[PDB]
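We name chains A, B, ... by the order of the sequence lines, and we start the count at 1 in each one.
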Amino acid sequence: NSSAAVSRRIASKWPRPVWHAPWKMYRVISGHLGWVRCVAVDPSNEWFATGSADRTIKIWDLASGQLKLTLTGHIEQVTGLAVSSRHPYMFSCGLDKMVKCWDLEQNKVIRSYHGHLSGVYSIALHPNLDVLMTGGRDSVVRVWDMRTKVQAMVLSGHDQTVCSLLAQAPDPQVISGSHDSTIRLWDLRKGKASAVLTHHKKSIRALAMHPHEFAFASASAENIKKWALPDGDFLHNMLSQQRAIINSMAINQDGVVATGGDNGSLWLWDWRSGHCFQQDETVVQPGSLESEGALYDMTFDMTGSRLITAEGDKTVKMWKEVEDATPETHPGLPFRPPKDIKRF
Amino acid sequence: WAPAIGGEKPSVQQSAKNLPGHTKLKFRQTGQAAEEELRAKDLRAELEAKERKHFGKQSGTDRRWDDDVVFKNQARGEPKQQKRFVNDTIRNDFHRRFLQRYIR
Amino acid sequence: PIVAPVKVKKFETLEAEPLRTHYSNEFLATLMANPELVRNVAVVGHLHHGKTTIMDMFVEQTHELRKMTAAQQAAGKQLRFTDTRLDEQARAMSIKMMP
RNA sequence: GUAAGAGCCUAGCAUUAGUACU
RNA sequence: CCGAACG
RNA sequence: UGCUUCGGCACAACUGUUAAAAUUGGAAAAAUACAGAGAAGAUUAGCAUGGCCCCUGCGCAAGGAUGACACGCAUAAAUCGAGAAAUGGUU
Ligand SMILES: Nc1nc2c(ncn2[C@@H]2O[C@H](COP(=O)(O)OP(=O)(O)OP(=O)(O)O)[C@@H](O)[C@H]2O)c(=O)[nH]1
Ligand SMILES: [Mg+2]
Ligand SMILES: [Mg+2]
Ligand SMILES: [Mg+2]
Ligand SMILES: [Mg+2]
Ligand SMILES: [Mg+2]
Ligand SMILES: [Mg+2]
């Protein structure tokens, strides 16, 4: 219609925020010797893996936070981690240009996916095919046969580092976000972008799918946008700006969107209304700089009740819902609908 | 300043690392968190169970020879050292111990 | 392992269905229900003096296991029916009595 | 003193298509 | 035990 | 060659990148002569980066002067408006 017309529609009909209980940080785990950069939860929900700038992958007990195992095989930072839901496999990528399949029955690297020309930044397992997708500084999403280690496909078109990656079973089966400020939705059968989304002004460092809805969120240093699938229809911006580079985004089944800032902020938003009900800043562990405070990864556990964050003060932090909270004792940041008339 | 971009008869040069290996995939069986096995359970029950177990079962509750000597009691007052993580490159304890060990 | 392999717990691996015999199930069910056609016998001897093999010859004459025998003389070993535990097997020794 | 290349002359690898008259 | 290339 | 009513049937079925050539062109090398080596004073170890540069190598090694090149020599005008003053037209 217009920006004015749509702004009046928006003042009338914006979905109100669903009340979400606040989250509190209940656990710091020290022990990585570099920035914790990636997290991944195992589908059983009993351990998580964190990769680091100290080049290791640590396996942690999800309920005690206990170091179960350290895995060394990367030469540089571990930048991405993906635990398979269908295979007893963990996948890691790293700044060493290397993608590794870890056999979790051996605790050993059994396959290596060779071919990234620069450091690898993002990883994604196809949820239904035995295929993995990695993006890196060579601006390219490399699509790998899990079994034969073969590079089945190269998704070309981005211009800078592919920083975020999504994989789903419906079309578009790969979503990438890049430092070139675009999101490509890919047709995995054709090897071609099915859509290029140019609404972001900064680089898209975080993508997240909605667990249940056909929609994803992308996050920049400037906005978190929400997009409808298959075609990547812009739904909306979050109703506030985390004034931070967002490194990580996780979405819950309750629709809690967690976004984690390069400055160590953690904002919790209502998916579906776009409204942030919580805003936190990290505390950095003793010794750290407060410059060294970013929030590089976050995942929810499989139930959605825990959020594990991988931080630049080299900690894993764990957050649980203060779910003994009720919309009366704990509403959080309160909502004013987007009443403005603005230009879009 | 700018990396190489990595876009994609076939060449018949065969690498050694590209010879067949691990030619079948392991799948998660019944007992290794397989997807059909995991819909069946309440993972929140097991998580809150394990967290309560950990958090409670870590809490554990439901004149002499030394008369000319000029200094007495000089160890008393010394700090007993602690298992702590300092996020400092050079001011952590591994490093202080390392430099103590290797520099004489 | 971080994902424990779901292992065949190789203790003593038997076969997955009652085998073919020269009699039925109900025939033995009959011959059991009357004391005057049942003899209980333990077989004993020295070490190796032929006990396991005699029991095996009985099995060989009253059952259906010929291609088993072909697998035995192709693999190069003679059968040991009552020596079932594959660790009592690989010592050519009966370790625990079996009925 | 490396040893690189530019060129000059002379300098033996690949190819099987094409040749008309108001 | 045991030898070749390269730098 | 069988079978043959000796008339004939049956069977068997399309090689050749067609050259002992003809051109035809492009090539590495050799000599010659040219000229003849990173970094900041000098002398020197390298490891990179980028790609219509390759060579040696089985190479996802390693090497080739850190293999070379590039590498800036920025005669890359990165360039212009503010105001007073003063002078010019017109009344
Ligand atoms: N020459 C000969 N050897 C035999 C005969 N029967 C069995 N054997 C051999 O004797 C070996 C030992 O006999 P087993 O079948 O082990 O009988 P066993 O005496 O119960 O031995 P244990 O199992 O140790 O008690 C076998 O492996 C055969 O090679 C036979 O009639 N003649
Ligand atoms: Mg070297
Ligand atoms: Mg050298
Ligand atoms: Mg080098
Ligand atoms: Mg080299
Ligand atoms: Mg040298
Ligand atoms: Mg070089």
Colleague: Mind checking the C1' distance from D:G7 to F:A62? Whole angstroms is fine.
Modeller: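 Roughly 34 Å separates the two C1' atoms.
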Colleague: Stacked or not: do F:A78 and F:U79 have six-ring centres under 5.5 Å apart and planes under 30°?
Modeller: no
Colleague: Nearest whole angstrom, please: distance from the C1' of F:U49 to the CG of A:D138.
Modeller: 15 Å
Colleague: So, are B:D93 and B:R84 salt-bridged, with charged N and O less than 4.0 Å apart?
Modeller: no
Colleague: Rounding to an integer number of angstrom, what distance separates F:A76 and F:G57 when you compare their P atoms?
Modeller: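 Going atom to atom, P in each nucleotide, I get 47 Å.
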Colleague: Can you tell me how far P in F:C55 sits from the matching atom in D:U16, rounded to whole Å?
Modeller: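 Approximately 26 Å lies between the P atom of F:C55 and that of D:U16.
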Colleague: Using a 3.5 Å limit on both hydrogen-bonding distances, do F:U1 and F:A48 make a Watson-Crick or G-U wobble pair?
Modeller: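 No; nothing between F:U1 and F:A48 satisfies the definition, which requires both distances under 3.5 Å.
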Colleague: Salt-bridged, A:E76 to A:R55, with N to O below 4.0 Å?
Modeller: no
Colleague: To the nearest Å, give me how far apart CD1 (A:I75) and P (F:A48) are.
Modeller: 14 Å
Colleague: As a test of the definition: with a 90° window around 0 for syn, would you call F:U44 syn or anti?
Modeller: anti
Colleague: Could you pick out which residue, A:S118 or A:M98, lies toward the 5' side of RNA chain F when each is mapped onto its nearest nucleotide?
Modeller: A:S118
Colleague: The sugar of F:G59: north or south, by the sign of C1'-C2'-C3'-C4'?
Modeller: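 Of the two classes, F:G59 takes south, because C1'-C2'-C3'-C4' is negative.
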Colleague: Are F:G67 and F:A68 stacked bases, their six-membered ring centres under 5.5 Å apart and their planes under 30 degrees apart?
Modeller: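 Yes, F:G67 and F:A68 stack on each other.
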Colleague: Assign F:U66 to north (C3'-endo side) or south (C2'-endo side) according to its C1'-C2'-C3'-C4' torsion.
Modeller: north
Colleague: For the P atoms, the ones on F:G36 and on D:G5, what distance do you get once it is rounded to whole angstrom?
Modeller: 16 Å
Colleague: Any cation-pi pair here, A:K149 with A:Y113, using under 6.0 Å and within 45°?
Modeller: no
Colleague: Counting only Watson-Crick and G-U wobble pairs whose two distances fall below 3.5 Å, is D:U16 partnered with F:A22?
Modeller: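 Answer is yes for this nucleotide pair.
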Colleague: Mind calculating the distance between CG (A:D96) and P (F:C60) to the nearest angstrom?
Modeller: 18 Å
Colleague: Read from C1'-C2'-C3'-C4', is the pucker at F:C6 north or south?
Modeller: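 Since its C1'-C2'-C3'-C4' torsion is positive, the sugar of F:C6 is on the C3'-endo, or north, side.
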Colleague: North (positive) or south (negative) by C1'-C2'-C3'-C4': which describes D:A14?
Modeller: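 That sugar belongs to the north family, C3'-endo side.
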Colleague: Determine the sugar pucker of F:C60: a positive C1'-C2'-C3'-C4' angle counts as north, a negative one as south.
Modeller: south
Colleague: My understanding is that a pair needs two contacts under 3.5 Å, Watson-Crick or G-U wobble. By that rule, which nucleotide pairs with D:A3?
Modeller: none
Colleague: Where is the tightest heavy-atom contact between A:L117 and B:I5, given as atom of each residue plus distance?
Modeller: CD2-O, 3.8 Å
Colleague: Specify the glycosidic conformation (syn or anti) of F:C73, with syn defined as within 90° of 0.
Modeller: syn
Colleague: Take atom CD of A:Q151 and atom P of F:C60, then tell me their distance rounded to the nearest Å.
Modeller: 15 Å
Colleague: Could you identify the nucleotide paired to F:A45, looking across every strand shown and requiring Watson-Crick or G-U wobble geometry with both distances under 3.5 Å?
Modeller: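 The base-pairing partner of F:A45, which may sit in any strand shown, does not exist here.
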Colleague: Quantified in whole Å, what is the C1' atom distance between nucleotide E:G3 and nucleotide F:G64?
Modeller: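 It works out to 24 Å between them.
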Colleague: Counting only Watson-Crick or G-U wobble pairs whose two distances fall under 3.5 Å, which nucleotide matches F:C60?
Modeller: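 The answer is none; no pair meets the criterion.
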Colleague: Centre-to-centre below 5.5 angstrom and planes less than 30 degrees apart, is that true for the six-membered base rings of F:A84 and F:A85?
Modeller: yes
Colleague: Give the C-alpha distance, both sets of side-chain angles, the deciding distance and a yes or no for side chain to side chain contact (heavy atoms under 4.5 Å, CB included) between B:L47 and B:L43.
Modeller: CA-CA 6 Å; B:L47 170 62; B:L43 282 184; 6.0 Å; no
Colleague: Would F:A45 and F:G46 be classed as stacked, given the thresholds of under 5.5 Å between six-membered ring centres and under 30° between planes?
Modeller: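 Between F:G46 and F:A45 there is base stacking, as the criterion is defined here.
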Colleague: Is the NZ or CZ atom of A:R37 positioned over A:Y296's six-membered ring, under 6.0 angstrom from the centre and within 45° of the axis?
Modeller: yes
Colleague: List the steps, then state whether side chain to side chain contact (heavy atoms under 4.5 Å, CB included) holds for A:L81 with A:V39.
Modeller: CA-CA 6 Å; A:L81 276 180; A:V39 210; 6.0 Å; no
Colleague: Set out, in order, the CA-CA distance, both residues' side-chain angles and the distance that settles side chain to side chain contact (heavy atoms under 4.5 Å, CB included) for A:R27 and A:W319, then state yes or no.
Modeller: CA-CA 7 Å; A:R27 186 186 285 147; A:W319 297 70; over 6 Å; no
Colleague: So, with the rule that both contacts fall under 3.5 Å, do F:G2 and F:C9 count as a Watson-Crick or wobble pair?
Modeller: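 They are paired, because both relevant distances stay under 3.5 Å.
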Colleague: If you take the six-membered rings of F:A21 and F:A22, are their centres closer than 5.5 Å and their planes within less than 30° of each other?
Modeller: yes
Colleague: Give me the distance, rounded to whole Å, that separates E:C2 from F:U66 when you measure between the P atoms they each carry.
Modeller: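 My reading of the P atoms in E:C2 and F:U66 gives 32 Å.
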Colleague: Rounding to the closest angstrom, what is the interatomic distance between F:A45 and F:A65 at atom P?
Modeller: 12 Å
Colleague: Would you measure the distance from the P atom in F:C71 across to the matching atom in D:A4 and give it in whole Å?
Modeller: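 It comes out at 23 Å once rounded to the nearest Å.
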Colleague: Determine, stepwise, if the pair A:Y121 / A:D138 fulfils side chain to side chain contact (heavy atoms under 4.5 Å, CB included).
Modeller: CA-CA 10 Å; A:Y121 272 67; A:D138 36 314; over 6 Å; no
Colleague: Distance-only criterion, 3.5 Å: show the donor-acceptor pairs between side-chain atoms of residues 63-73 of chain A and protein atoms not counting sequence neighbours.
Modeller:
unit_1: A:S64; atom_1: OG; unit_2: A:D61; atom_2: OD2; d: 2.3

Colleague: Expected output is a numbered-order residue list: members of residues 1-22 of chain B with a heavy atom under 4.0 Å from any atom of RNA chain F. What is it?
Modeller: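 Those residues whose heavy atoms fall under 4.0 Å from RNA chain F, taken from residues 1-22 of chain B in numerical order, are B:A2, B:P3, B:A4, B:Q13, B:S15, B:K17, B:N18.
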Colleague: Could you check if the base of F:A74 is syn or anti? Syn means the glycosidic torsion is within 90 degrees of 0.
Modeller: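 Base orientation: syn.
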Colleague: Classify the glycosidic conformation of F:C6 as syn or anti, calling it syn when the angle lies within 90° of 0.
Modeller: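 Syn conformation for F:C6.
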Colleague: Between atom CG in A:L117 and atom P in F:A48, what is the gap in whole Å?
Modeller: 15 Å
